[PDB]
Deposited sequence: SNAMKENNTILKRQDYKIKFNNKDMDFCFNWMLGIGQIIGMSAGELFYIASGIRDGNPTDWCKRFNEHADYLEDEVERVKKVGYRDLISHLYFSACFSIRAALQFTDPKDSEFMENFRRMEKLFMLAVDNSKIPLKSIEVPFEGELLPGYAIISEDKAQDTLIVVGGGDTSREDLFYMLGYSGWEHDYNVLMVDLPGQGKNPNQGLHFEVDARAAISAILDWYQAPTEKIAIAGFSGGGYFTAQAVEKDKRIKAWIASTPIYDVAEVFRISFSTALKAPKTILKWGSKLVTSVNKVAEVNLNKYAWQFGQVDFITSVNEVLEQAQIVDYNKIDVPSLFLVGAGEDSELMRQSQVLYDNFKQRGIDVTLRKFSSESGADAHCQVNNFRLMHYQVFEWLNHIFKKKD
C-alpha cells in the first residue's frame, strides 16, 4: 500500500482501504463509504467512530421502513452493511470505552440478523477449549459430504471478518467452512482468552470438535494467522492444504524488525495490549520476543499456496521466500503468488481486491482437492 485513497494518516487510510474492499463482497458501497468519510477529519478516531456508528443507525432505521414491505433480499443487505459499519467503528474504538463491548455485541446481533434474512445456512458455534468456549461461525450443508476449509485471522479480526475474507466465498465454492476465533482474537480477551504461545492446541481443538464429512481439509491463515496456521500445519497432519497470507515461521523476528501525536495508532496499540492481556503494547511486544517459538518448517509437508502483496513488509516477504525455496527444494507442491500494485491486490491480506484473491485461492484449491 503506498499511495493514498483518502487520508494522510496511514493507519486510517489502510483501514479505509480495507473497509472499501469489504464492500466489494457484502455491505456498503463506495458511495456510502465516501459519504461516511466526508465527516471524518484526518487522523481523528473520534470522528471515525461517530460517523460509522451513525451510519449503522441510519441503516437500522431503513430496515424498519422497508420491513413494512418485507423486501427480504434488501433487509439482509442492509443488516450486513450495518454490521460492517459497526465493525469499522470498532477498529478505532478503545477497549477501555464503555461503548466497546456494547458495540461489539451490537455488531454480532446485526450479523446474525443479516444471516437470518439471507439464504445462507450460517450458524453460530462455540468450540470447547481450555475450560472455555471459543466463538465461531460454521457453514455446513446437511446433505452433502463436502471438503472443509477453516479460516483463521490475525490480530485485527473477528469471526465476522473471516466471513467476507474467505468463508462466504468458500461456501459459494461448495466447501464446508469453519471460522473460529482463537484466544486473543475477537471478543476472547473479554473472557480472559489472550494470545497464547502456540496456536496448535486451539486449532487442533477445532478439529477435535468438528466431525468432518471428508478428510480433505484445508486451512487458511491471514495476517497473524499465517503464523498460527504454520504452527498447526507443522504438527497436525489431518490438515491437507495450507493457504497463508502471509506465511510466518518466526513472529519474534517480525516483531523485532517492526518495532525496532498519532491518536489513531495509539488506539490500535491499546487494543493490542488488551488482546495480549498486558498493560502496554510495549510489554506485549516483549512477551512475543520472549515466548514465541520458531516453526520447524522443514516438518511441513502439505500442499501450500502463499499469497503476498508488493505493499508488504520486507520481512514478511523474506519469510515467504524462505518457505517457498525450502518447500520447492524438498518437492512440496508449493505456489507463491505475488500480488503487484497493478493487480490492485497488493495490500495486506489482499483487502484492496478480495475478489481476485478468492479466484486465486479457489482455482488452486479446486485443483488440489477435487483433482
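Counting the deposited sequence from 1, the stretches lacking C-alpha coordinates are 1-13, 274-292, 404-405.
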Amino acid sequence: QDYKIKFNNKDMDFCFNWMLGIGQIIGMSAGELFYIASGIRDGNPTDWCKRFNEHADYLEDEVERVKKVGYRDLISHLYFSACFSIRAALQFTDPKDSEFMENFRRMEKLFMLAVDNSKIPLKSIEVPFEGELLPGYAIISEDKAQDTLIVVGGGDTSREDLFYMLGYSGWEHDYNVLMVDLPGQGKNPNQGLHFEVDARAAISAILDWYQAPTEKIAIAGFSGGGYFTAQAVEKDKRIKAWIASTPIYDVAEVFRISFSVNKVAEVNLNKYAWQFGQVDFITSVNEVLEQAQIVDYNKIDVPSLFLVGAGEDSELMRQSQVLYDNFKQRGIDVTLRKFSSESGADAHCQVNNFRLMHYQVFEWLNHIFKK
From here on, numbers count along this sequence of modelled residues.
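Set 121-129 against 85-93 and average the Cα temperature factors; 121-129 ends up higher. Taking the PDB entry as given, 314-322 carries the higher mean Cα B factor of the two stretches 340-348 and 314-322.
Going by the entry's values, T214 shows the largest Cα B-factor out of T214, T246, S284, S169.
The PDB entry assigns its highest CA temperature factor, among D161, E102, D181, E290, to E290. In this PDB entry, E266 carries a Cα temperature factor that places it within the middle third of its chain's modelled residues. The PDB entry assigns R238 a C-alpha temperature factor belonging to the highest third of its chain's modelled residues. Ranked by C-alpha B-factor against the other modelled residues of its chain, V334 falls in the middle third. The deposited CA B-factor of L307 belongs to the lowest third of values across its chain.
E60 sits in the middle third of its chain by CA B factor, as recorded in the PDB entry.
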